[PDB]
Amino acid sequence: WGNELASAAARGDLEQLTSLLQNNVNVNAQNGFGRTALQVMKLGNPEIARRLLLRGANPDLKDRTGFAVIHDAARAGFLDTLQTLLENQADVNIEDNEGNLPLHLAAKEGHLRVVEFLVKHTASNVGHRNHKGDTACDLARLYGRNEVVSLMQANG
């Protein structure tokens, strides 16, 4: 179950995932490499995240590098999964090993809509400095994310 559930999530096979969920499974079981189905899930499949969360999947777990799924979602620009993560109590201000919040990663990669949602509709700490002293906006500025910077100073 744990392994197959993780496999179905990793591949983005909702049908197979929902099939497995009919069994008495621990959605927070770790696969062969220590990651849960939610952690290995292929982003771009918010329903898979929703089904896993509905069954009690812990959204705040961190991998080898202290990255939570919301970190991955934010960094890659997957707003839908990020939002379903939050509507299921995932911590928005969870930090990676360098003190970066999901907002930092979104800003750094120039995902304007993700940043906008975070700044405007979440408890994201816009003034949070990572370990090296940089805020999400600083990183946007450093990475030439002009539109993100303008949006951030426009409301925070």
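A residue's number is simply how far along the shown sequence it sits, counting from 1.
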### Task
Would you tell me which stretch averages the higher CA B-factor in the PDB entry, 129-137 or 9-17?
9-17
### Greater mean Cα temperature factor according to the PDB record, 58-66 or 44-52
58-66
### Query
Thinking about Cα B factors across the chain, which third does residue 29 belong to?
highest
### Summary
Assert third(CA B-factor, residue 36) within chain per record equals middle
#### Entry: residue 89 CA temperature factor, ranked by third within the chain
highest
